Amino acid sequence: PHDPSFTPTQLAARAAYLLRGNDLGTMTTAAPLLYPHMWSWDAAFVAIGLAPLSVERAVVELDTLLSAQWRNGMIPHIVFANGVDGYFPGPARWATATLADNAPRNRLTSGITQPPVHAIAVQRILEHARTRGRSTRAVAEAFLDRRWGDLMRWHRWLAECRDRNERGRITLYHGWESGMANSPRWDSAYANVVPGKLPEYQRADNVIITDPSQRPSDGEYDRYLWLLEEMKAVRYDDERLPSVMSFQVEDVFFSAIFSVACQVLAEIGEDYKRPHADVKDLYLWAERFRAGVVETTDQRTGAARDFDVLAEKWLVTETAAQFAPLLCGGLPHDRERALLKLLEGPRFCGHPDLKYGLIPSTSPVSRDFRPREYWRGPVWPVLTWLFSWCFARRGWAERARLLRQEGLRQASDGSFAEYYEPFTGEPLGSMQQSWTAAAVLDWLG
């Protein structure tokens, strides 16, 4: 009618209603239909959104994810719900159950990883639990007792197996591992992926999201699915991926997230008297990946570049990933001021046509910008949340507040959209996306 927005209490109520509605029992789907399984970094954001509602159930969410952790420490990016269809590529296509010696016996999972935001969710659970009294603190502390080792194995696998040369950057073998498979970041690396005899398949994602402008193309999916074939042919063996994979990139945004997560997990380890050797290793990785991120940065603007390991070239694109060094710190004073100027100026948050003062996934002034197309332009509430939380942690209280305020204004339609059109504010992707509700729940306090 005259304004279809919701009040803060109405919005918080609807966000919690959604998150419980996507709960299958011990895992929350990332969306009702498009993503009807557990996703790894979504599950961390879901736990953040559950923490104000039930510390016990937030802990269950991470327990379920960690129960699917591979024998070598990798957290796979999908934990499939038993008997659930409607998502492709599904467990039959990954075939990790029959081909991956490290895959868990009692869960079906994908064969690739996703960004290590999980320590941040643990910190939010602990902060909520400490406000709730003894029995709730005991729940969160029992979770640490039970899962500290698994969290360490996850970070160690990243540091040792995806940074084999100790360059302080994480190597990815699939664009899906960045969280942003169709980002302009990866276009030139995908151009060097030439599928062989790719087994026939039918997409499911664009049956649910039928507007073709909102999802990747068939040609992109052919390359996404071919990379799976290459992993399967070597049975997902870490030692063989560098020799066979047609896509090998160092992801500077994933790397900065890992730097932050190591520092966060290290602080948790000190607070809860975890083994000193573990805390020492976490701080070492935090510093190594901070330095690895800074090494990539533009000498004028501070913007961070990804790296194509096969082509041996810096990937220079105009996306939100450029702001990786803002997450983890480490830039010299003058270059971080330049990077913040880029963030706030007309190429990103200050673009004059934006409905909200938020960070588009791709700069609206880039030739690669597509305002509807998944990670090629739309504004993602999950990125707003991650940037706002990391900015508050840098001490940039007012910058963080402004992102939270605009994110709540954007979410006040109650669509809990996966992403939003940057100019019109139209909800895009899946509606009722779990991590969009989780951002709103964490923000509203």
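All residue numbers refer to positions in the sequence shown, first residue = 1.
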Entry-level comparison of average CA B-factors, 123 to 131 and 334 to 342, reporting the higher stretch
334 to 342
Ranked by mean Cα B-factor in the entry, 344 to 352 and 106 to 114, top stretch is 344 to 352
Just grab whichever of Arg93, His155, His77, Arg372 has the top CA B-factor as deposited.
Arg93
From the entry's CA B-factor values, the highest among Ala256, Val264, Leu358, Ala189 is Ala189
When the deposited Cα B-factors of this chain's modelled residues are ordered and cut into thirds, is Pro422 in the lowest, the middle or the highest one?
middle
Could you place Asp413 in the lowest, middle or highest third of its chain by Cα temperature factor, using the values in the record?
highest
Entry-reported Cα temperature factor of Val260, expressed as the chain third it lands in:
lowest
Third assignment of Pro242 from its chain's C-alpha B-factors
highest
Cα B factor band for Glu287 (lowest, middle or highest third within the chain):
middle
